[PDB]
Structure formats: C-alpha cells, structure tokens
2 protein chains.
Amino acid sequence: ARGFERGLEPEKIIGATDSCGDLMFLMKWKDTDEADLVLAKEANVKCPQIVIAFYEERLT
Amino acid sequence: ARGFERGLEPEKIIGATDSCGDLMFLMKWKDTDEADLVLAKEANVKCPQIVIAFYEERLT
C-alpha cells in the first residue's frame, strides 16, 4: 500500500525524477516520515497547489 | 492589456519572471498573439494545469 493508496493527506513534494521514463514526485505525507514516489500526473490532478509550491520553491 | 480580464482561455505560459518582486507569467491566450503579464498567484488558482505544464516542460 504505497503513495496515494496509503490514504494520507499530501503535505510537500521534496523531489522529482523522470529517470524511469515517467515523471515521479517524492511525496511527504501528513503525519508520517515515510516518503513515497507518486506519478506526477496523478499529483498534478489531486494536489495541484502542492505541485506548484514544489516548482515555485525550485525556482530561485 | 487586461490579462484575465480579457475573458480568453489561457493557452500556454511563454515564460516567468520575478523581476518585479512578485512572480509573474507571460501568458499566451487562445486566439490572440497579444501576450500579457499575469501574477503567478492568479494563474495558480485559475488555471493550475497550465502553470504545471509550463513547469513540467521547463524541468524537461
């Protein structure tokens, strides 16, 4: 049971990689310290403001 | 001239600049070649998937 399947609230994306062919985000979930990979596509649609916060922080 | 006030659908963000202290996007609107500066904060809320497509392309 991983990523969104864990049923937790998204908190913060801490990294991204397309190294596997598909863009994936490393998601920090609310009230756990076990982070997981989720598809960018699914995060884009389910928590778009959290995705944007990640990209805006990455701009500087 | 007016940006979102023009009542056009966002097509794509051409680029982004913080050169004014606030993050701004240069927005291409559908069916117009007149691009406009809009606040990132406003695009984030009104057309988040257009913002994300811009950032995803820039990540490559």
# chains A, B, ... in the order shown; residues from 1 in each chain; ligands from 1

$ residues_around --residues "stretch 12-23 of chain B" --least-positions-apart "5" --cutoff "12 Å" --atoms "only C-alpha atoms" --output "NGL selection string"
(:A and (55-57 or 59-60)) or (:B and (28-44 or 47-58))

$ write_last_selection --atoms "N, CA, C and O atoms" --output "compact mmCIF listing (two decimals), in the first residue's frame"
# COMPACT_ATOMS: atom_id res chain seq x y z
N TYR A 55 7.41 23.49 -7.48
CA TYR A 55 8.08 24.10 -8.63
C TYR A 55 8.48 25.55 -8.33
O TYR A 55 9.49 26.02 -8.84
N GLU A 56 7.66 26.26 -7.55
CA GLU A 56 7.95 27.65 -7.25
C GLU A 56 9.13 27.73 -6.31
O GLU A 56 9.94 28.64 -6.44
N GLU A 57 9.25 26.80 -5.35
CA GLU A 57 10.41 26.75 -4.48
C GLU A 57 11.65 26.44 -5.31
O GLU A 57 12.69 27.03 -5.11
N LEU A 59 12.25 27.22 -8.37
CA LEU A 59 12.69 28.48 -8.99
C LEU A 59 13.33 29.39 -7.93
O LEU A 59 12.69 29.70 -6.94
N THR A 60 14.57 29.83 -8.15
CA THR A 60 15.14 30.94 -7.38
C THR A 60 16.46 31.37 -8.01
O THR A 60 16.56 32.57 -8.40
N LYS B 28 0.21 33.40 -23.02
CA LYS B 28 -0.43 33.31 -24.32
C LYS B 28 -1.88 32.87 -24.14
O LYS B 28 -2.13 31.80 -23.59
N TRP B 29 -2.81 33.67 -24.65
CA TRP B 29 -4.22 33.38 -24.64
C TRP B 29 -4.61 32.77 -25.98
O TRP B 29 -4.03 33.16 -27.00
N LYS B 30 -5.62 31.88 -25.98
CA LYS B 30 -6.12 31.30 -27.21
C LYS B 30 -6.68 32.38 -28.13
O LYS B 30 -7.34 33.35 -27.71
N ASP B 31 -6.33 32.21 -29.41
CA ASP B 31 -6.84 33.03 -30.50
C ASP B 31 -6.41 34.47 -30.32
O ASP B 31 -7.20 35.35 -30.60
N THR B 32 -5.20 34.72 -29.82
CA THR B 32 -4.63 36.06 -29.79
C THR B 32 -3.12 35.94 -29.75
O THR B 32 -2.63 35.09 -29.02
N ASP B 33 -2.43 36.81 -30.50
CA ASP B 33 -0.98 36.87 -30.44
C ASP B 33 -0.50 38.02 -29.56
O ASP B 33 0.64 38.44 -29.67
N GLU B 34 -1.38 38.54 -28.71
CA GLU B 34 -1.02 39.59 -27.77
C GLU B 34 -0.85 38.95 -26.39
O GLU B 34 -1.84 38.63 -25.74
N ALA B 35 0.38 38.75 -25.96
CA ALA B 35 0.65 38.08 -24.69
C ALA B 35 0.59 39.11 -23.57
O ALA B 35 0.82 40.29 -23.84
N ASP B 36 0.38 38.66 -22.34
CA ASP B 36 0.11 39.53 -21.20
C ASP B 36 0.82 39.02 -19.96
O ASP B 36 0.84 37.81 -19.75
N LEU B 37 1.23 39.94 -19.07
CA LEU B 37 1.75 39.54 -17.76
C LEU B 37 0.61 39.34 -16.75
O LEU B 37 -0.25 40.20 -16.57
N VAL B 38 0.62 38.17 -16.08
CA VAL B 38 -0.36 37.89 -15.04
C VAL B 38 0.43 37.45 -13.83
O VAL B 38 1.56 36.96 -13.95
N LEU B 39 -0.11 37.70 -12.64
CA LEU B 39 0.51 37.21 -11.41
C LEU B 39 0.48 35.67 -11.43
O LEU B 39 -0.54 35.09 -11.74
N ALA B 40 1.58 35.05 -11.02
CA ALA B 40 1.63 33.62 -10.80
C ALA B 40 0.52 33.19 -9.84
O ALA B 40 -0.22 32.23 -10.14
N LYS B 41 0.32 33.98 -8.78
CA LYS B 41 -0.66 33.62 -7.76
C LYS B 41 -2.05 33.51 -8.41
O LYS B 41 -2.84 32.61 -8.08
N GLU B 42 -2.35 34.37 -9.39
CA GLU B 42 -3.66 34.31 -10.02
C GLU B 42 -3.74 33.11 -10.97
O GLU B 42 -4.74 32.43 -11.01
N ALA B 43 -2.70 32.85 -11.75
CA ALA B 43 -2.72 31.70 -12.64
C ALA B 43 -2.76 30.40 -11.83
O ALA B 43 -3.42 29.45 -12.22
N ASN B 44 -2.02 30.36 -10.71
CA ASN B 44 -2.02 29.16 -9.88
C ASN B 44 -3.45 28.74 -9.53
O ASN B 44 -3.76 27.55 -9.57
N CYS B 47 -5.92 28.53 -13.44
CA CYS B 47 -5.55 27.56 -14.46
C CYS B 47 -4.31 26.81 -13.99
O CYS B 47 -3.24 26.87 -14.63
N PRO B 48 -4.39 26.12 -12.82
CA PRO B 48 -3.23 25.39 -12.29
C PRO B 48 -2.59 24.39 -13.25
O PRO B 48 -1.39 24.17 -13.20
N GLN B 49 -3.38 23.71 -14.10
CA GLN B 49 -2.77 22.73 -15.01
C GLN B 49 -1.95 23.42 -16.12
O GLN B 49 -0.99 22.85 -16.64
N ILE B 50 -2.26 24.67 -16.45
CA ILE B 50 -1.46 25.42 -17.41
C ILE B 50 -0.13 25.84 -16.79
O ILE B 50 0.94 25.75 -17.44
N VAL B 51 -0.16 26.22 -15.50
CA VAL B 51 1.05 26.51 -14.76
C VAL B 51 1.93 25.26 -14.73
O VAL B 51 3.11 25.35 -15.04
N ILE B 52 1.35 24.10 -14.40
CA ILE B 52 2.13 22.89 -14.23
C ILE B 52 2.73 22.43 -15.56
O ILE B 52 3.88 22.00 -15.61
N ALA B 53 1.98 22.51 -16.64
CA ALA B 53 2.51 22.17 -17.96
C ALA B 53 3.75 23.03 -18.28
O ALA B 53 4.77 22.50 -18.76
N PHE B 54 3.68 24.33 -17.94
CA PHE B 54 4.84 25.18 -18.11
C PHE B 54 6.04 24.64 -17.31
O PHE B 54 7.15 24.54 -17.82
N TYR B 55 5.82 24.30 -16.04
CA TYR B 55 6.91 23.89 -15.20
C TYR B 55 7.45 22.53 -15.62
O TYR B 55 8.63 22.29 -15.55
N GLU B 56 6.57 21.62 -16.04
CA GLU B 56 6.96 20.27 -16.44
C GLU B 56 7.86 20.33 -17.67
O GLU B 56 8.86 19.61 -17.73
N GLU B 57 7.47 21.18 -18.63
CA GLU B 57 8.29 21.38 -19.81
C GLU B 57 9.66 21.92 -19.41
O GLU B 57 10.68 21.43 -19.90
N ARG B 58 9.71 22.90 -18.48
CA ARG B 58 10.97 23.50 -18.10
C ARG B 58 11.86 22.52 -17.32
O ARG B 58 13.08 22.67 -17.32

$ calpha_fit_and_write --fixed "chain B" --moving "chain A" --output "compact mmCIF listing (two decimals) with C-alpha atoms, in the first residue's frame"
# COMPACT_ATOMS: atom_id res chain seq x y z
CA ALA A 1 -7.88 45.67 -20.31
CA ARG A 2 -5.01 43.22 -19.77
CA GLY A 3 -4.29 39.61 -18.81
CA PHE A 4 -7.24 37.76 -17.27
CA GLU A 5 -9.31 40.99 -17.59
CA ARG A 6 -9.37 40.36 -21.36
CA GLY A 7 -11.74 37.46 -20.76
CA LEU A 8 -9.85 35.00 -23.03
CA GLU A 9 -9.10 31.31 -22.40
CA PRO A 10 -5.55 30.66 -21.08
CA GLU A 11 -3.60 28.60 -23.56
CA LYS A 12 0.08 28.37 -22.61
CA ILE A 13 2.58 30.09 -20.32
CA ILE A 14 5.73 30.88 -22.25
CA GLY A 15 7.87 32.49 -19.55
CA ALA A 16 8.14 33.62 -15.95
CA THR A 17 9.88 36.42 -14.08
CA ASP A 18 9.95 37.53 -10.45
CA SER A 19 12.13 40.50 -11.40
CA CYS A 20 9.43 42.93 -10.25
CA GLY A 21 9.24 41.50 -6.69
CA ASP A 22 6.28 39.18 -7.56
CA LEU A 23 6.29 36.07 -9.79
CA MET A 24 4.57 36.86 -13.08
CA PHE A 25 3.82 34.61 -16.05
CA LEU A 26 3.80 35.58 -19.70
CA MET A 27 0.50 34.12 -20.87
CA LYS A 28 -0.47 33.15 -24.39
CA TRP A 29 -4.26 33.40 -24.69
CA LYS A 30 -6.47 31.27 -26.94
CA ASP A 31 -6.88 32.86 -30.39
CA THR A 32 -4.69 35.93 -29.90
CA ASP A 33 -1.05 36.65 -30.58
CA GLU A 34 -0.84 39.40 -27.96
CA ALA A 35 0.67 37.83 -24.84
CA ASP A 36 0.46 39.48 -21.41
CA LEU A 37 1.85 39.34 -17.86
CA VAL A 38 -0.38 37.82 -15.15
CA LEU A 39 0.34 37.25 -11.45
CA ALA A 40 1.51 33.68 -10.86
CA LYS A 41 -0.79 33.63 -7.80
CA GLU A 42 -3.87 34.22 -9.94
CA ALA A 43 -2.83 31.77 -12.67
CA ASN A 44 -2.05 29.13 -10.02
CA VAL A 45 -5.67 29.26 -8.87
CA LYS A 46 -7.48 29.80 -12.21
CA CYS A 47 -5.53 27.52 -14.59
CA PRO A 48 -3.30 25.27 -12.40
CA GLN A 49 -2.86 22.59 -15.12
CA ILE A 50 -1.48 25.26 -17.50
CA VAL A 51 0.99 26.41 -14.82
CA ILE A 52 2.07 22.79 -14.23
CA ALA A 53 2.49 22.16 -17.97
CA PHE A 54 4.83 25.17 -18.04
CA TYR A 55 6.92 23.90 -15.11
CA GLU A 56 7.01 20.31 -16.40
CA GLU A 57 8.22 21.49 -19.82
CA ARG A 58 10.86 23.62 -18.06
CA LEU A 59 12.13 20.44 -16.34
CA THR A 60 14.32 18.37 -18.70

$ select_by_dssp --residues "chain A" --states "helix (DSSP H, G or I)" --output "MDAnalysis selection string"
chainID A and resid 3:6 40:46 48:58

$ write_last_selection --atoms "C-alpha atoms" --output "mmCIF file, in the first residue's frame"
data_model
loop_
_atom_site.group_PDB
_atom_site.id
_atom_site.type_symbol
_atom_site.label_atom_id
_atom_site.label_comp_id
_atom_site.auth_asym_id
_atom_site.auth_seq_id
_atom_site.Cartn_x
_atom_site.Cartn_y
_atom_site.Cartn_z
ATOM 1 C CA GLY A 3 1.737 6.609 -2.277
ATOM 2 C CA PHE A 4 -1.832 7.857 -2.662
ATOM 3 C CA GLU A 5 -3.068 4.308 -1.853
ATOM 4 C CA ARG A 6 -1.983 4.953 1.759
ATOM 5 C CA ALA A 40 3.414 13.432 -11.368
ATOM 6 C CA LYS A 41 0.261 13.018 -13.500
ATOM 7 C CA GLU A 42 -1.775 11.893 -10.502
ATOM 8 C CA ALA A 43 -0.346 14.517 -8.140
ATOM 9 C CA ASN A 44 -0.974 17.228 -10.760
ATOM 10 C CA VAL A 45 -4.683 16.411 -10.666
ATOM 11 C CA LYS A 46 -5.165 15.585 -6.946
ATOM 12 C CA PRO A 48 -2.037 20.810 -7.900
ATOM 13 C CA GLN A 49 -1.204 23.562 -5.341
ATOM 14 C CA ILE A 50 1.337 21.216 -3.690
ATOM 15 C CA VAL A 51 2.944 20.520 -7.086
ATOM 16 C CA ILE A 52 3.098 24.267 -7.805
ATOM 17 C CA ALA A 53 4.610 25.010 -4.386
ATOM 18 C CA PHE A 54 7.340 22.483 -5.242
ATOM 19 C CA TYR A 55 8.085 24.097 -8.625
ATOM 20 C CA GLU A 56 7.946 27.646 -7.245
ATOM 21 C CA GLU A 57 10.413 26.751 -4.479
ATOM 22 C CA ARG A 58 12.655 25.130 -7.116
#

$ decode --residues "stretch 2-58 of chain A" --atoms "C-alpha atoms" --output "compact mmCIF listing (two decimals), in the first residue's frame"
# COMPACT_ATOMS: atom_id res chain seq x y z
CA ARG A 2 2.04 2.94 -1.32
CA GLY A 3 1.74 6.61 -2.28
CA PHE A 4 -1.83 7.86 -2.66
CA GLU A 5 -3.07 4.31 -1.85
CA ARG A 6 -1.98 4.95 1.76
CA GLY A 7 -4.90 7.36 2.12
CA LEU A 8 -2.84 10.15 3.77
CA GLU A 9 -3.01 13.90 3.12
CA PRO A 10 -0.27 15.19 0.74
CA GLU A 11 1.98 17.61 2.55
CA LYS A 12 5.03 18.51 0.46
CA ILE A 13 6.90 17.26 -2.60
CA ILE A 14 10.60 17.10 -1.85
CA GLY A 15 11.98 15.88 -5.19
CA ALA A 16 11.23 14.78 -8.73
CA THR A 17 12.73 12.33 -11.21
CA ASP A 18 11.79 11.21 -14.72
CA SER A 19 14.65 8.72 -14.69
CA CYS A 20 12.21 5.81 -15.02
CA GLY A 21 10.59 7.14 -18.23
CA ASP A 22 7.73 8.88 -16.33
CA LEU A 23 7.92 11.97 -14.06
CA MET A 24 7.55 10.90 -10.44
CA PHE A 25 7.44 13.00 -7.27
CA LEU A 26 8.80 12.08 -3.88
CA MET A 27 5.87 12.92 -1.61
CA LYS A 28 5.97 13.73 2.07
CA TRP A 29 2.60 12.78 3.58
CA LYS A 30 0.92 14.49 6.54
CA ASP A 31 1.97 12.88 9.85
CA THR A 32 4.39 10.28 8.51
CA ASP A 33 8.11 10.25 7.92
CA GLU A 34 7.93 7.56 5.24
CA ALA A 35 8.02 9.35 1.89
CA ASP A 36 6.98 7.65 -1.37
CA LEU A 37 7.07 8.01 -5.17
CA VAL A 38 3.83 9.05 -6.92
CA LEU A 39 3.16 9.72 -10.61
CA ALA A 40 3.41 13.43 -11.37
CA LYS A 41 0.26 13.02 -13.50
CA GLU A 42 -1.78 11.89 -10.50
CA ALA A 43 -0.35 14.52 -8.14
CA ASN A 44 -0.97 17.23 -10.76
CA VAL A 45 -4.68 16.41 -10.67
CA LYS A 46 -5.16 15.59 -6.95
CA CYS A 47 -2.97 18.21 -5.22
CA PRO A 48 -2.04 20.81 -7.90
CA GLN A 49 -1.20 23.56 -5.34
CA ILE A 50 1.34 21.22 -3.69
CA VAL A 51 2.94 20.52 -7.09
CA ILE A 52 3.10 24.27 -7.81
CA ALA A 53 4.61 25.01 -4.39
CA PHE A 54 7.34 22.48 -5.24
CA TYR A 55 8.08 24.10 -8.63
CA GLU A 56 7.95 27.65 -7.25
CA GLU A 57 10.41 26.75 -4.48
CA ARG A 58 12.66 25.13 -7.12
